[PDB]
Amino acid sequence: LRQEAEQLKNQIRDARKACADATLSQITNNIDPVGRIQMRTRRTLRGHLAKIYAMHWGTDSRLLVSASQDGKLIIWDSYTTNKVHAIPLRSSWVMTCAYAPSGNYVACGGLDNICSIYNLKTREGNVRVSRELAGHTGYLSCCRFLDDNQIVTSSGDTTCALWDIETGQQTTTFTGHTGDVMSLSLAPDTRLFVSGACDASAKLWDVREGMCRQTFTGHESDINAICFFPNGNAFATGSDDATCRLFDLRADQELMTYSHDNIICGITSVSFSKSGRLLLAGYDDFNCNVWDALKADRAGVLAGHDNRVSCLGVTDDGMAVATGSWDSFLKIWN
Amino acid sequence: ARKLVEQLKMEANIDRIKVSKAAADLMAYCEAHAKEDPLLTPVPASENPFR
Amino acid sequence: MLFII
Amino acid sequence: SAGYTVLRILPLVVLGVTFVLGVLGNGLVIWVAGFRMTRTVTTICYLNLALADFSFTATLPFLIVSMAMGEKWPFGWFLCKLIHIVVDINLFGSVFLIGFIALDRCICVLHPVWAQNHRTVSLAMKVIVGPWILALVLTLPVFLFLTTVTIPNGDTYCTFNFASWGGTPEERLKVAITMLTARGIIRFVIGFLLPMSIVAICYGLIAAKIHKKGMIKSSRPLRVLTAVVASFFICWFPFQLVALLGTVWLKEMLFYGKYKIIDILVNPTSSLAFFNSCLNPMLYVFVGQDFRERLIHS
Amino acid sequence: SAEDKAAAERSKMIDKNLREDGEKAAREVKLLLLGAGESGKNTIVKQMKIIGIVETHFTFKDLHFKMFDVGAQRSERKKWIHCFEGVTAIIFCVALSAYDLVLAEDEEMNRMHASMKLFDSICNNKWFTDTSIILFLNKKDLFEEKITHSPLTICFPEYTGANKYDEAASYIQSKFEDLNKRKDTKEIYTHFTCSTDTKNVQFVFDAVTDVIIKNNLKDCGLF
């Protein structure tokens with residue numbers, strides 16, 4: 001078993017060499033470069049009094065949810081900087097937040113090991129605790145809503161599990177990681193998802209089957225960010241080694257690396273534009289960098305955050321890119 | 001041990017499309033959707049809800 | 001404050 | 001005399017450098033603290049002090065050009081009233097804000113529990129705008145009893161006039177002298193004795209507590225405390241002392257003029273007080289490490 | 001527009017509630033506990049439990065404390081240790097009678113050395129470069145009788161002698177303080193867990209009061 005396991009691992013690399021014919025950057029040299037992108041802070045959301053760790057963009061491209069360790073979950077009207085709701089969290093130690101695609105539920109999680117879903121469509125008018133998902137021994141790092149009924153939550157206990165809000169119990173549990181899971185992203189068809197863990201490995205998970213469909217090992221440090229390409233056939237992971245790596249699901253290859261010499265700080269959050277050409281990744285150097293997903297050329301900078309940027313999200317319509325940092329402000333870019 | 005080997009064998013039998021084909025296919029998606037990317041192609045302030 | 005006479 | 005000529009020219013350059021330094025420092029302090037970091041009670045006090053000093057130094061060149069020509073006021077009555085009112089309000093507010101910062105630091109040191117619990121932003125705004133109300137109350141005589149007076153020679157000096165209020169030369173003179181004495185007493189007591197006693201006691205108790213509890217890991221805190229106290233004293237005490245000496249002997253000065261040294265000694269003391277006002281942003285705000293870091297990052 | 005005004009008025013009402021709640025959140029002392037392996041963390045909270053992360057909130061001498069326990073967090077510490085950047089103080093618990101004891105997970109590494117490694121990590125942590133540490137040495141009653149049977153040669157070979165409670169506790173306390181590489185900015189308030197009433201919480205109140213003074217003077221430019 002041990003003898004063949006080493007050869008099996010080499011077999012993946014051996015089959016990778018035959019697949020590795022031409023790099024993504026080599027083919028895309030002839031394409032027209034994006035150039036320089038000038039994004040200005042259109043709106044600054046000043047409603048938090050503590051460090052902000054995660055945000056999620058709504059499907060309507062109007063309402064976004066922001067999570068900070070102040071004990072409050074705020075629904076932001078990004079168009080007019082209006083606070084739709086101010087959810088008082090039972091546990092202030094929240095590091096992730098989710099917004100339902102329908103828009104009726106928001107889920108927050110953190111070191112309390114409980115993923116609490118909140119109902120924004122209460123008849124009385126005040127947000128109440130709809131559910132409290134218990135069953136994770138490790139800290140909740142990222143939660144994403146497949147729909148109103150099902151949610152997938154990544155935890156620090158090395159296992160990410162799929163949950164049912166109505167049932168309140170784990171529908172299935174995904175295992176196979178080594179380090180603590182930090183980031184999770186859902187596919188457009190919600191039939192697949194990936195989880196970034198501390199072992200510098202990205203695992204492709206099948207929601208229905210519940211087993212690791214595919215494993216990617218190209219990073220060198222803790223993977224804190226991950227996000228699929230809009231087409232769903234590729235994804236980019238942001239790790240602590242200051243390198244964004246693009247992986248192809250259909251190729252089992254490291255497509256190309258987005259790294260620079262001027263950056264040595266880790267990567268907190270990554271995301272893609274509507275077309276997926278602009279890979280906007282947050283960093284620990286107090287500013288965000290826009291990366292060309294096809295040539296690794298830095299196409300812009302989103303400096304202006306007083307503290308370290310932790311969350312960065314691209315809205316579905318592509319109107320804006322909201323970046324939140326530890327200075328308790330959210331900045332709306334364009 | 002046994003669980004790790006089984007997971008490795010499951011991913012070993014998958015179909016690995018050549019990276020050259022994957023790279024070309026990935027670029028095709030960006031070309032088609034570049035016309036509707038506000039970040040790549042800025043639109044006038046009338047279209048932008050953010051002034 | 002000012003000494004004005 | 002050569003010495004008297006220097007004694008008159010020196011206040012001009014003193015107020016010039018005072019205006020430049022005050023405007024620069026107050027603008028930097030406002031732009032940094034009031035817009036590029038979170039609101040704090042100490043931050044609120046710093047913005048109040050910076051605004052008072054900036055509003056004072058904004059009108060400083062008018063006083064500079066007024067005393068450049070023997071206290072003549074080249075501008076109109078309304079402008080003289082506005083500038084004098086603004087200067088008096090800003091000076092009283094700045095002194096009251098120095099006293100309030102001393103009191104707030106004393107409260108934070110002696111009773112940290114009360115500062116942790118009962119010291120909030122809204123209460124800070126109320127108790128920081130209260131001193132502005134006190135400054136307006138003390139400036140009310142400048143609001144009322146100040147008009148422009150033109151001498152027969154053609155020169156104009158907008159000083160305190162009492163023809164309308166009195167209506168009788170003896171009664172007008174009596175009202176003038178009693179109001180001037182009351183103004184001098186109020187300036188000496190509320191302007192100087194009230195804050196200086198507060199500043200000395202408050203900073204003294206902080207030094208006493210920090211020495212008893214042994215938080216002194218460096219000489220910098222003691223240097224900052226003694227710098228604040230010494231600057232405030234050596235700047236305001238000469239001016240208030242000269243004003244008190246002038247007010248107590250004002251009958252002789254107006255009737256005969258036995259003590260003419262006060263008339264030429266007011267200007268250097270006022271210059272030193274204005275220098276204190278302009279150095280307040282450097283002495284109070286720039287000492288903090290967070291503000292310096294924000295400024296160098298800017 | 002009337003419709004936007006109603007929506008805007010809701011934001012102002014929400015903004016009013018946020019600052020009032022922020023005042024209540026900023027008037028309470030936040031404390032973090034570290035050190036597992038029967039180090040006395042559970043013992044400490046018992047005397048100060050008058051009123052995921054185990055959060056307890058008690059008020060002593062009109063000062064509100066809000067303690068946090070991360071013992072149940074068995075994952076990587078550095079992935080979430082930055083969440084506590086800004087706490088008033090860190091209450092570290094060390095079992096005095098642990099030099100002879102060995103960790104259950106690893107029988108080749110001393111339990112006492114493990115406590116120093118974790119204590120040194122948070123002293124050298126970038127997120128706690130200025131936060132004072134209220135170090136607590138627990139089980140002093142159990143330590144004063146175990147000191148005679150077993151010397152410090154098992155844990156500290158470089159021990160001169162004087163196997164007594166007074167001498168050994170000071171050496172153990174001094175060893176922990178030597179791990180504080182950021183001197184002149186972090187003050188370690190070492191204490192022995194006393195069974196007397198109100199004495200254990202009094203030291204925490206006194207230590208937090210000193211930290212509050214230092215924090216207040218730092219923000220006003222005095223420090």
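Here are some notes:
- Just one of (1) closer than 17 Å to D:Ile85 by Cα; (2) part of a loop (DSSP other than H, G, I, E, B) fails for D:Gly154. It is (1).
- Being under 30 Å from E:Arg27 (Cβ atoms), within 8 Å of another protein chain (Cβ to nearest Cβ) and in a loop (DSSP other than H, G, I, E, B) holds for only one residue in A:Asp21, A:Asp112, and it is A:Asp112.
- Where strands (runs of 3 or more DSSP E) fall entirely within the range A:42-84, those with at least 3 residues that are in contact with a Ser or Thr (Cβ under 9 Å, 6 or more places away or on another chain) and over 18 Å from A:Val314 (Cβ atoms) are at A:72-77.
- Flag if A:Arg191 is surrounded by fewer than 16 Cβ atoms within 10 Å (Cβ to Cβ), under 17 Å from the mean Cα position of the chain (by Cα), farther than 16 Å from A:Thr243 by Cα and charged (D, E, K, R): yes
- Within the range D:73-123, if we keep just the residues that are aliphatic (A, V, I, L, M) and in contact with a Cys (Cβ under 7 Å, 6 or more places away or on another chain), the residue that is farthest from D:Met282 (Cα to Cα) turns out to be D:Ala115.
- Across the range A:86-107, the qualifying residues are those that are of a type outside the set (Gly, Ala, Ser) and in contact with a helix residue (DSSP H, G or I) (Cβ under 8 Å, 6 or more places away or on another chain), and the one among them that is nearest to A:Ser154 (Cα to Cα) is A:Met95.
- Residues (at the interface with another protein chain (Cβ under 7 Å from one of its Cβ atoms) and either assigned to a loop (DSSP other than H, G, I, E, B) or not aromatic (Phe, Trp, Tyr) (or both)) located in the range D:85-120: D:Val87, D:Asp88, D:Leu91, D:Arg105, D:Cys108, D:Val109, D:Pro112, D:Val113, D:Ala115, D:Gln116, D:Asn117, D:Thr120
- The set of residues from the range B:14-30 being outside any loop (DSSP other than H, G, I, E, B) and surrounded by 14 or more Cβ atoms within 10 Å (Cβ to Cβ) comprises B:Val19, B:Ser20, B:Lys21, B:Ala22, B:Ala23, B:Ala24, B:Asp25, B:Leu26, B:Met27, B:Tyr29, B:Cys30.
- Only one of A:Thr257, A:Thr315, A:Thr237 that is within 12 Å of chain B (Cβ to nearest Cβ), within 23 Å of B:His33 (Cα to Cα) and not acidic (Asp, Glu): A:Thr315
- The conditions of being among the aromatic types (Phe, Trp, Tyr) and within 23 Å of D:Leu134 (Cβ to Cβ) are met by D:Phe92.
- Pair list, Cβ < 8 Å and 6+ apart or interchain, from the range A:286-299 residues that are surrounded by 24 or more Cβ atoms within 10 Å (Cβ to Cβ) to residues that are part of a loop (DSSP other than H, G, I, E, B) and of a type in the set (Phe, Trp, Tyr): A:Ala293/A:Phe229
- Filter result (closer than 17 Å to E:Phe143 by Cβ, among the hydroxyl-bearing types (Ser, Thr, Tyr) and in contact with a strand residue (DSSP E or B) (Cβ under 6 Å, 6 or more places away or on another chain)) within the range E:82-130: E:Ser115
- Subset of the range E:39-87 [among the β-branched types (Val, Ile, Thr) and surrounded by fewer than 21 Cβ atoms within 10 Å (Cβ to Cβ)]: E:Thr43, E:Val45, E:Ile50, E:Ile51, E:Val54, E:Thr56, E:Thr59, E:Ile81, E:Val87
- Of all residues in the range A:225-262, those satisfying the criterion of being closer than 16 Å to A:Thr215 by Cβ and among the small types (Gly, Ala, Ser) are A:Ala234, A:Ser239, A:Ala251.
- Just one residue in the set A:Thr44, A:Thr28 is among the hydroxyl-bearing types (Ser, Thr, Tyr) and more than 8 Å from chain B (Cβ to nearest Cβ); that residue is A:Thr44.
- Candidates in the range B:10-51 are the residues that are more than 7 Å from chain A (Cβ to nearest Cβ) and of a type in the set (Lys, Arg); of these, the one that is farthest from A:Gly232 (Cα to Cα) is B:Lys35.
- Considered as a group, the residues in the range E:20-49 that are within 11 Å of another protein chain (Cβ to nearest Cβ) and charged (D, E, K, R) include one that is nearest to D:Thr40 (Cα to Cα), and that residue is E:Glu23.
- If you check A:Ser269, A:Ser275 for being buried (at least 24 other Cβ atoms within 10 Å of the Cβ), more than 14 Å from chain B (Cβ to nearest Cβ), over 24 Å from B:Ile14 (Cβ atoms) and not hydrophobic (A, V, I, L, M, F, W, C), only one passes: A:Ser269.
- Selection count, the range A:115-145, where residues are more than 20 Å from A:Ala225 (Cβ to Cβ) and in a loop (DSSP other than H, G, I, E, B): 11
- Index of the failed condition, A:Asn10 passing every other in (1) polar (S, T, N, Q); (2) over 23 Å from A:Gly276 (Cβ atoms); (3) within 10 Å of chain B (Cβ to nearest Cβ): (3)
- Elements of type strands (runs of 3 or more DSSP E) contained in the range A:149-238, each with 1 or more residues being touching a strand residue (DSSP E or B) at 6+ places or on another chain (Cβ under 9 Å), hydrophobic (A, V, I, L, M, F, W, C) and more than 21 Å from A:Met256 (Cα to Cα): A:150-155, A:160-164, A:170-174, A:181-186, A:192-197, A:202-206, A:212-216
- Selection status of D:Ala163, within 13 Å of chain C (Cβ to nearest Cβ) and either under 25 Å from D:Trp77 (Cβ atoms) or hydrophobic (A, V, I, L, M, F, W, C) (or both): no
- The listed residue being over 19 Å from D:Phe160 (Cβ atoms) and either of a type in the set (A, V, I, L, M) or exposed (fewer than 15 other Cβ atoms within 10 Å of the Cβ) (or both), out of D:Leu245, D:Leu254, D:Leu279: D:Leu279
- Against the test of being within 12 Å of chain E (Cβ to nearest Cβ), touching an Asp or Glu at 6+ places or on another chain (Cβ under 7 Å) and small (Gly, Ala, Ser), the options A:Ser92, A:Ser102 yield a single qualifying residue, A:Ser92.
Throughout, read-outs are computed from the coordinates displayed, never taken from laboratory work. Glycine gets a Cβ as well: all are built from the backbone with ideal geometry, and neighbour counts include every protein chain shown.
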